[PDB]
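Each chain, letter by letter, is given below.
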Amino acid sequence: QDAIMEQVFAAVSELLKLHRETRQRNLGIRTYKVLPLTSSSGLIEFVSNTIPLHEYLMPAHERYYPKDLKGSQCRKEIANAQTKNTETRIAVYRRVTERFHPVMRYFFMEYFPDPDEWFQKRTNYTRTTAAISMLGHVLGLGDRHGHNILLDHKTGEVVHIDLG
Amino acid sequence: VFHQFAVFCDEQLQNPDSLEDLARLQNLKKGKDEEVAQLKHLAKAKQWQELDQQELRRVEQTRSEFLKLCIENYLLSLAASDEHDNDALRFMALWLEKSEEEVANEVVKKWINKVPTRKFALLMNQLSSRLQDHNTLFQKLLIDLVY
Ligand SMILES: Nc1ncnc2c1ncn2[C@@H]1O[C@H](COP(=O)(O)OP(=O)(O)OP(O)(O)=S)[C@@H](O)[C@H]1O
Ligand SMILES: [Mg+2]
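Residues numbered from 1 in each chain as written, not as in the entry; some residues may be left out. Chains lettered and ligands numbered in written order. Part of a larger assembly, values for the part shown. Heavy atoms only, no water.

The next subject is the interface of chain A and chain B. Chain A puts five residues into the contact, and the matching count from chain B is five residues. Roughly 310 Å² is buried in total at the junction of chain A and chain B, and carbon and sulfur atoms are behind 56% of that figure. Of all residues in chain A, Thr83, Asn85 and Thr86 of chain A bury the most surface against chain B, accounting for 76% of the area lost on that side. Counting the contacts that link chain A with chain B gives zero salt bridges. Our count for the contact surface shared by chain A and chain B stands at zero residue pairs in polar contact. (Contact = heavy atoms within 4.5 Å. Buried area = accessible area lost by both parts, 1.4 Å probe. Salt bridge = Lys/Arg side-chain N within 4 Å of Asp/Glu carboxyl O. Polar contact = N/O pair within 3.5 Å; in protein donor to acceptor, adjacent residues only side chain to side chain.)

Set out below in C-alpha coordinates:
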(Lines give C-alpha, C1' and ligand atoms only; values in the text may rest on other atoms or scores of the structure.)
(Ligands and ions follow the chains in the order given, each with its own letter.)
Protein backbone atom coordinates (compact mmCIF):
# COMPACT_ATOMS: atom_id res chain seq x y z
CA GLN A 1 0.00 0.00 0.00
CA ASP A 2 2.67 2.50 1.03
CA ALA A 3 4.76 1.75 -2.06
CA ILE A 4 1.87 2.11 -4.49
CA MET A 5 0.76 5.37 -2.93
CA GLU A 6 4.29 6.74 -2.90
CA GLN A 7 4.43 6.03 -6.62
CA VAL A 8 1.09 7.75 -7.26
CA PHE A 9 2.10 10.83 -5.27
CA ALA A 10 5.40 11.01 -7.14
CA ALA A 11 3.58 10.87 -10.48
CA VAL A 12 1.19 13.68 -9.55
CA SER A 13 4.02 15.83 -8.26
CA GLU A 14 5.69 15.24 -11.60
CA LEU A 15 2.56 16.57 -13.26
CA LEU A 16 3.03 19.76 -11.27
CA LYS A 17 6.19 20.62 -13.23
CA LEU A 18 4.35 21.43 -16.46
CA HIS A 19 2.78 24.70 -15.33
CA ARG A 20 4.46 28.05 -15.02
CA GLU A 21 3.26 29.01 -11.56
CA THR A 22 4.11 25.77 -9.77
CA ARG A 23 7.35 25.25 -11.65
CA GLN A 24 8.52 28.78 -10.90
CA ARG A 25 8.14 28.01 -7.18
CA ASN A 26 9.44 24.43 -7.33
CA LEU A 27 6.20 23.21 -5.81
CA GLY A 28 6.39 19.46 -5.36
CA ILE A 29 6.79 16.77 -2.79
CA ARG A 30 9.83 15.01 -1.37
CA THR A 31 9.91 11.30 -2.08
CA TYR A 32 11.37 8.28 -0.34
CA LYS A 33 11.75 4.66 -1.40
CA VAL A 34 9.72 1.74 -0.08
CA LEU A 35 10.71 -1.78 -1.15
CA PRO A 36 8.44 -4.64 -0.05
CA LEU A 37 10.34 -7.91 0.16
CA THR A 38 7.54 -10.25 1.24
CA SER A 39 4.00 -9.89 2.52
CA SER A 40 5.46 -9.29 5.97
CA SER A 41 8.70 -7.32 5.55
CA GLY A 42 10.36 -4.53 3.67
CA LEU A 43 13.17 -2.05 3.36
CA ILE A 44 12.29 1.61 3.85
CA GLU A 45 14.67 4.42 3.04
CA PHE A 46 15.65 6.31 6.17
CA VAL A 47 15.44 9.93 5.08
CA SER A 48 18.85 11.41 5.58
CA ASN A 49 18.96 14.32 8.02
CA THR A 50 15.39 14.87 9.16
CA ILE A 51 13.74 14.76 12.58
CA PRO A 52 10.14 13.68 13.30
CA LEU A 53 7.78 16.55 13.96
CA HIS A 54 6.61 15.14 17.26
CA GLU A 55 10.17 14.51 18.47
CA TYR A 56 11.04 18.14 17.94
CA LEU A 57 7.78 19.51 19.28
CA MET A 58 7.43 17.66 22.52
CA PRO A 59 10.79 18.65 24.08
CA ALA A 60 10.58 22.18 22.69
CA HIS A 61 7.20 22.78 24.32
CA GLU A 62 8.69 22.30 27.76
CA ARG A 63 11.98 23.97 26.95
CA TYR A 64 10.35 27.25 25.90
CA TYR A 65 7.28 27.24 28.20
CA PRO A 66 8.10 25.52 31.50
CA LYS A 67 4.74 26.52 33.03
CA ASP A 68 2.56 24.85 30.40
CA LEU A 69 1.14 21.36 30.43
CA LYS A 70 3.17 18.46 29.15
CA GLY A 71 2.43 16.72 25.89
CA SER A 72 1.43 13.62 27.82
CA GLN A 73 -0.86 15.57 30.13
CA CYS A 74 -2.62 17.14 27.15
CA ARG A 75 -2.96 13.78 25.42
CA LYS A 76 -4.38 12.12 28.51
CA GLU A 77 -6.76 15.00 29.23
CA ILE A 78 -8.09 14.83 25.68
CA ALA A 79 -8.34 11.03 25.70
CA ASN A 80 -10.35 10.94 28.92
CA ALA A 81 -13.13 13.00 27.35
CA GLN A 82 -13.40 10.73 24.33
CA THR A 83 -16.73 9.12 25.26
CA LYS A 84 -18.62 12.35 25.98
CA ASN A 85 -20.87 14.76 24.15
CA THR A 86 -19.38 17.16 21.63
CA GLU A 87 -19.93 20.13 23.95
CA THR A 88 -17.74 18.64 26.68
CA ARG A 89 -15.09 17.55 24.18
CA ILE A 90 -14.82 21.04 22.73
CA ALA A 91 -14.74 22.60 26.20
CA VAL A 92 -11.92 20.28 27.29
CA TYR A 93 -10.04 21.01 24.09
CA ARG A 94 -10.27 24.76 24.56
CA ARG A 95 -9.15 24.37 28.16
CA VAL A 96 -6.13 22.35 27.09
CA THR A 97 -5.04 24.59 24.26
CA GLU A 98 -5.26 27.64 26.48
CA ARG A 99 -2.35 26.09 28.43
CA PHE A 100 -0.29 24.97 25.44
CA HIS A 101 1.38 27.49 23.22
CA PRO A 102 3.00 26.79 19.85
CA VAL A 103 6.77 26.75 19.58
CA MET A 104 7.38 25.77 15.99
CA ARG A 105 8.77 29.17 15.03
CA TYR A 106 11.91 28.29 16.94
CA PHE A 107 12.84 25.32 14.76
CA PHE A 108 14.13 27.89 12.30
CA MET A 109 15.68 30.28 14.79
CA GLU A 110 17.84 27.51 16.22
CA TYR A 111 18.92 25.56 13.16
CA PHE A 112 19.39 28.62 10.91
CA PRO A 113 20.59 31.73 12.78
CA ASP A 114 21.65 33.58 9.62
CA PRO A 115 18.76 35.78 8.42
CA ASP A 116 19.30 35.10 4.72
CA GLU A 117 19.31 31.34 5.27
CA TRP A 118 16.51 31.59 7.84
CA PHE A 119 14.20 33.31 5.38
CA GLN A 120 14.93 30.89 2.57
CA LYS A 121 14.37 27.84 4.77
CA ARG A 122 11.13 29.13 6.26
CA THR A 123 9.84 29.72 2.74
CA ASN A 124 10.80 26.16 1.80
CA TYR A 125 8.80 24.90 4.76
CA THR A 126 5.73 26.93 3.85
CA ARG A 127 5.79 25.94 0.19
CA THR A 128 6.24 22.22 0.79
CA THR A 129 3.50 22.27 3.41
CA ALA A 130 1.14 23.98 0.97
CA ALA A 131 1.89 21.56 -1.85
CA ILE A 132 1.41 18.47 0.28
CA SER A 133 -1.74 19.90 1.85
CA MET A 134 -3.47 20.41 -1.50
CA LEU A 135 -2.11 17.15 -2.92
CA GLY A 136 -3.28 15.22 0.11
CA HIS A 137 -6.67 16.79 0.08
CA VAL A 138 -7.22 15.82 -3.56
CA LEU A 139 -6.18 12.20 -2.85
CA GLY A 140 -7.84 11.93 0.54
CA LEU A 141 -4.54 11.34 2.32
CA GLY A 142 -5.04 10.56 6.00
CA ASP A 143 -3.14 9.36 9.10
CA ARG A 144 -1.22 12.64 9.21
CA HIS A 145 -0.07 12.58 12.81
CA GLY A 146 3.25 13.82 14.09
CA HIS A 147 5.18 10.62 13.48
CA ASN A 148 4.49 10.62 9.72
CA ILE A 149 5.84 14.14 9.12
CA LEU A 150 9.60 14.68 9.11
CA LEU A 151 11.35 18.06 9.24
CA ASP A 152 14.44 18.31 7.08
CA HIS A 153 16.79 20.51 9.09
CA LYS A 154 19.16 21.13 6.18
CA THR A 155 16.67 22.50 3.64
CA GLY A 156 13.73 23.30 5.89
CA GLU A 157 11.17 21.32 3.91
CA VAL A 158 8.78 18.71 5.29
CA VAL A 159 8.64 15.08 4.18
CA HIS A 160 5.49 13.00 4.46
CA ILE A 161 5.98 9.26 4.91
CA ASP A 162 3.59 6.36 5.52
CA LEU A 163 1.17 7.33 2.76
CA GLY A 164 -0.98 4.21 2.74
CA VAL B 1 -33.55 40.16 3.86
CA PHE B 2 -36.01 37.26 4.00
CA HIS B 3 -35.07 35.94 0.58
CA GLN B 4 -31.41 36.13 1.59
CA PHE B 5 -32.01 34.10 4.73
CA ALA B 6 -34.26 31.53 3.04
CA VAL B 7 -31.81 30.89 0.22
CA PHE B 8 -29.03 30.53 2.78
CA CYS B 9 -30.93 27.93 4.82
CA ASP B 10 -32.02 26.06 1.69
CA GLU B 11 -28.42 25.95 0.49
CA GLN B 12 -27.42 24.58 3.88
CA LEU B 13 -29.94 21.75 3.59
CA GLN B 14 -28.97 20.56 0.09
CA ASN B 15 -25.28 20.45 0.90
CA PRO B 16 -23.21 17.54 -0.46
CA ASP B 17 -20.91 17.55 2.59
CA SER B 18 -23.79 17.56 5.07
CA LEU B 19 -25.66 14.85 3.18
CA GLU B 20 -22.53 12.70 3.10
CA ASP B 21 -22.12 13.24 6.84
CA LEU B 22 -25.72 12.24 7.51
CA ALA B 23 -25.32 9.15 5.31
CA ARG B 24 -22.11 8.17 7.09
CA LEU B 25 -23.69 8.52 10.52
CA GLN B 26 -26.72 6.55 9.32
CA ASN B 27 -24.59 3.66 8.05
CA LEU B 28 -22.69 3.76 11.35
CA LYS B 29 -25.92 3.49 13.33
CA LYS B 30 -27.12 0.65 11.11
CA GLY B 31 -23.89 -1.34 11.38
CA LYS B 32 -23.54 -0.85 15.13
CA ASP B 33 -27.13 -1.93 15.70
CA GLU B 34 -26.53 -5.02 13.55
CA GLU B 35 -23.42 -5.83 15.60
CA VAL B 36 -25.30 -5.40 18.89
CA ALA B 37 -28.04 -7.69 17.61
CA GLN B 38 -25.38 -10.23 16.65
CA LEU B 39 -24.15 -10.26 20.26
CA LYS B 40 -27.63 -10.09 21.80
CA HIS B 41 -18.06 -6.40 25.29
CA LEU B 42 -21.79 -5.73 25.18
CA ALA B 43 -21.39 -2.76 27.55
CA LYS B 44 -18.85 -0.84 25.47
CA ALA B 45 -20.66 -1.80 22.26
CA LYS B 46 -23.91 -0.37 23.61
CA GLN B 47 -22.12 2.74 24.88
CA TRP B 48 -20.66 3.37 21.43
CA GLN B 49 -24.12 2.80 19.95
CA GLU B 50 -25.65 5.37 22.30
CA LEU B 51 -22.96 7.92 21.46
CA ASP B 52 -23.73 7.38 17.77
CA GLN B 53 -27.42 7.94 18.51
CA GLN B 54 -26.65 11.22 20.29
CA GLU B 55 -24.53 12.45 17.38
CA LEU B 56 -27.28 11.53 14.92
CA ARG B 57 -29.92 13.33 17.00
CA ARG B 58 -27.77 16.46 16.99
CA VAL B 59 -27.34 16.37 13.21
CA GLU B 60 -31.02 15.76 12.55
CA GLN B 61 -32.04 18.56 14.89
CA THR B 62 -29.76 20.96 13.04
CA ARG B 63 -31.38 19.94 9.76
CA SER B 64 -34.85 20.37 11.25
CA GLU B 65 -34.05 23.92 12.36
CA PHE B 66 -32.77 24.72 8.89
CA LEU B 67 -35.98 23.37 7.35
CA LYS B 68 -38.14 25.48 9.65
CA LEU B 69 -36.23 28.66 8.85
CA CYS B 70 -36.21 27.90 5.13
CA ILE B 71 -39.96 27.42 4.82
CA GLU B 72 -40.85 30.31 7.12
CA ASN B 73 -38.61 32.77 5.31
CA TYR B 74 -39.78 31.69 1.88
CA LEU B 75 -43.35 32.40 2.97
CA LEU B 76 -42.43 35.75 4.51
CA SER B 77 -40.52 36.82 1.40
CA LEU B 78 -43.49 36.00 -0.83
CA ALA B 79 -45.78 38.09 1.37
CA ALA B 80 -43.50 41.15 1.44
CA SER B 81 -42.56 42.16 -2.11
CA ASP B 82 -42.87 41.03 -5.73
CA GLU B 83 -39.16 40.98 -6.59
CA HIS B 84 -38.77 37.27 -5.81
CA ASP B 85 -41.76 35.35 -7.15
CA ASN B 86 -40.13 32.12 -8.25
CA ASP B 87 -39.85 31.51 -4.53
CA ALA B 88 -43.37 30.14 -4.92
CA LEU B 89 -42.15 27.29 -7.11
CA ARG B 90 -39.27 26.57 -4.74
CA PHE B 91 -41.47 26.75 -1.66
CA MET B 92 -43.95 24.41 -3.33
CA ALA B 93 -41.32 21.83 -4.20
CA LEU B 94 -39.85 22.08 -0.70
CA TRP B 95 -43.26 21.69 0.92
CA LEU B 96 -44.43 18.79 -1.21
CA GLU B 97 -41.23 16.92 -0.43
CA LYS B 98 -41.93 17.29 3.32
CA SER B 99 -45.65 16.57 3.30
CA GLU B 100 -45.29 14.09 6.20
CA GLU B 101 -42.85 15.95 8.47
CA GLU B 102 -45.26 17.65 10.87
CA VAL B 103 -42.69 20.38 11.56
CA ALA B 104 -43.03 21.71 8.02
CA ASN B 105 -46.81 21.54 8.18
CA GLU B 106 -46.94 23.53 11.42
CA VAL B 107 -44.77 26.30 9.99
CA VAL B 108 -46.81 26.38 6.79
CA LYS B 109 -50.04 26.47 8.78
CA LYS B 110 -48.74 29.43 10.72
CA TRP B 111 -47.55 31.53 7.77
CA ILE B 112 -49.52 30.50 4.67
CA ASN B 113 -52.48 32.88 5.03
CA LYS B 114 -50.46 36.04 4.41
CA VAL B 115 -49.26 35.24 0.88
CA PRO B 116 -51.41 36.72 -1.91
CA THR B 117 -52.91 33.83 -3.79
CA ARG B 118 -51.81 35.39 -7.06
CA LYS B 119 -48.37 33.90 -6.44
CA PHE B 120 -49.72 30.35 -6.60
CA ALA B 121 -52.26 30.92 -9.36
CA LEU B 122 -50.07 29.48 -12.11
CA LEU B 123 -49.23 26.37 -10.06
CA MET B 124 -52.64 24.74 -10.15
CA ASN B 125 -51.51 21.78 -12.23
CA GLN B 126 -49.19 20.80 -9.38
CA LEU B 127 -51.53 21.68 -6.54
CA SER B 128 -54.70 20.03 -7.80
CA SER B 129 -52.76 16.86 -8.58
CA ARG B 130 -51.91 16.28 -4.91
CA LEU B 131 -55.46 16.68 -3.63
CA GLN B 132 -56.79 13.84 -1.50
CA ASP B 133 -59.28 13.32 1.31
CA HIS B 134 -57.10 11.98 4.12
CA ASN B 135 -57.94 14.30 7.05
CA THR B 136 -54.26 15.00 7.69
CA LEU B 137 -52.87 18.49 8.17
CA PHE B 138 -51.17 18.60 4.79
CA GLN B 139 -54.52 18.05 3.11
CA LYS B 140 -56.36 20.54 5.30
CA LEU B 141 -53.83 23.14 4.20
CA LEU B 142 -53.69 22.11 0.56
CA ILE B 143 -57.46 22.04 0.11
CA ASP B 144 -57.87 25.42 1.75
CA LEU B 145 -55.16 26.89 -0.47
CA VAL B 146 -56.71 25.50 -3.66
CA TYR B 147 -60.10 26.79 -2.52
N1 LIG C 1 11.34 6.09 6.38
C2 LIG C 1 11.64 6.79 7.47
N3 LIG C 1 12.63 7.69 7.40
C4 LIG C 1 12.94 8.40 8.49
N5 LIG C 1 12.38 8.36 9.70
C6 LIG C 1 11.40 7.45 9.73
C7 LIG C 1 10.97 6.66 8.69
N8 LIG C 1 9.92 5.85 9.10
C9 LIG C 1 9.75 6.17 10.35
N10 LIG C 1 10.60 7.14 10.80
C11 LIG C 1 10.65 7.70 12.13
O12 LIG C 1 11.35 6.79 12.96
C13 LIG C 1 10.45 6.24 13.94
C14 LIG C 1 9.94 4.91 13.46
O15 LIG C 1 8.52 4.87 13.67
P16 LIG C 1 7.83 3.48 13.80
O17 LIG C 1 7.98 3.08 15.21
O18 LIG C 1 8.38 2.52 12.74
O19 LIG C 1 6.32 3.68 13.45
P20 LIG C 1 5.48 4.71 14.27
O21 LIG C 1 4.81 5.62 13.32
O22 LIG C 1 6.48 5.34 15.24
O23 LIG C 1 4.44 3.98 15.17
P24 LIG C 1 3.01 4.57 15.29
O25 LIG C 1 1.97 3.47 14.91
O26 LIG C 1 2.86 5.76 14.30
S27 LIG C 1 2.68 5.18 17.11
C28 LIG C 1 9.39 7.31 14.13
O29 LIG C 1 9.81 8.26 15.11
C30 LIG C 1 9.27 7.92 12.74
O31 LIG C 1 9.02 9.32 12.78
MG1 LIG D 1 4.98 5.46 10.62
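Another aspect to go through is the site of ligand 1. Residues and elements named next belong to chain A. The local shell around ligand 1 consists of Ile44, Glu45, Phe46, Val47, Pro52, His145, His147, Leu150 and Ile161. Between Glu45 and ligand 1, the recorded distance is 3.0 Å, taken from a backbone N or O atom to a nitrogen atom. Within the backbone of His147, one N or O atom sits 3.0 Å away from an oxygen atom of ligand 1. Of the residues in the shell around ligand 1, the class split is six nonpolar, two polar and one charged. (Near = heavy atom within 4 Å. Nonpolar A, V, L, I, M, F, W, Y, C, P; charged D, E, K, R; others polar.)

Moving on, we come to the UniProt feature "binding site: Mg(2+)" (unreviewed entry) in chain A. Residue and element names in this part refer to chain A. Taking the UniProt record as the reference, the feature "binding site: Mg(2+)" (unreviewed entry) is found at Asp162. Mapped onto the elements of the fold, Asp162 is located in the segment after strand 5 (158-160). Contact partners of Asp162, with chain neighbours within four places excluded, come to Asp2, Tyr32, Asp143, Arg144 and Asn148. (UniProt positions renumbered as here; feature names shortened; annotations may be inferred. Helix = DSSP H or I, 4+ residues; strand = E, 2+ residues; numbered from the N terminus.)

Moving on: the packing of helix 2 (residues 16-39) of chain B against helix 3 (residues 42-78) of chain B. Residue and element names in this part refer to chain B. Remark: helix 2 packs on helix 3, axes separated minimally by 10 Å, with the N-to-C direction vectors making an angle of 155 degrees. Here helix 2 is positioned roughly antiparallel relative to helix 3, judged by the angle of their axes. Along this stretch, helix 2 crosses helix 3, giving a crossing that reads as left-handed. Mapping the contact onto sequence places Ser18, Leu19, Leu22, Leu25, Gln26, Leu28, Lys29, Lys32, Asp33, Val36 and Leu39 in helix 2 and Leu42, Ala45, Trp48, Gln49, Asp52, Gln53, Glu55, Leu56, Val59, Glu60 and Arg63 in helix 3. (Axes fitted to C-alpha atoms, helices over the stretch in contact; angles between N-to-C directions. Parallel < 35°, antiparallel > 145°, perpendicular 65-115°, else oblique. Left-handed = near helix turned anticlockwise from the far one by under 90°.)

Time to look at the pattern of salt bridges. Across all of its chains, the model carries 13 salt bridges over all chains by this definition. Two residues, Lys70 of chain A and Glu62 of chain A, come together in a salt bridge whose shortest N-O distance is 2.4 Å. Classification of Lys70 of chain A by relative accessible area gives partly exposed; the value is 39%. Judged by relative accessible area, which is 39%, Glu62 of chain A ranks as partly exposed. The residue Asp85 of chain B makes a salt bridge to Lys119 of chain B at a minimum N-O spacing of 2.8 Å. On the criterion of sequence distance, the pair formed by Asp85 of chain B in the loop between helix 3 and helix 4 (87-97) and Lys119 of chain B in the loop between helix 5 (102-111) and helix 6 (124-127) is long-range, its members being 34 residues apart. (Buried < 20%, exposed > 50% of the residue type's maximum accessible area, 1.4 Å probe, protein only.)

Residue and element names in this part refer to chain A. Spatially, the three strands line up as an open sheet ordered 3-4-5, and their pairing is antiparallel. Looking at which strands have only one partner, the edges of the open sheet turn out to be strand 3 (50-52) and strand 5. Direction aside, the axes of adjacent strands within the sheet are offset by 30 degrees on average. Here strand 3 runs beside strand 4 (residues 149-152); their pairing, made up of three bridges, is antiparallel. Considered in strand 4, the bridge of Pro52 is made with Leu150. Against the sheet, helix 3 (residues 53-64) makes contact with strand 3 and strand 4, and its axis sits at roughly 65 degrees relative to strand 3, the strand it touches most. (Pairing = 2+ DSSP bridges.)

Counting 30 residues, the largest nonpolar core has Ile71, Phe91, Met92, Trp95 and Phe120 of chain B as its most contacted members. If you list the elements that add at least two residues to this core, you get helix 1 (2-13), helix 3, helix 4, helix 5 and helix 7 (137-146) of chain B. Per element, the largest residue contribution to this core is seven residues, and it comes from helix 3 of chain B. With sequence-adjacent residues up to four places away left out, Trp95 of chain B is seen in contact with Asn105, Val108, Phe138, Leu141 and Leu142 of chain B. Counting 13 residues, the second largest nonpolar core, distinct from the first, contains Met104, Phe108, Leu151 and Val158 of chain A. (Core = buried A, V, L, I, M, F, W, Y, C linked by side-chain atoms within 4.5 Å.)

Turning next to the environment of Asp33 of chain B. Here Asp33 of chain B is to be found in helix 2. Taking the C-alpha atoms as reference points, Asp33 of chain B and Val1 of chain B, separated by 32 residues in sequence, lie 44 Å from one another.

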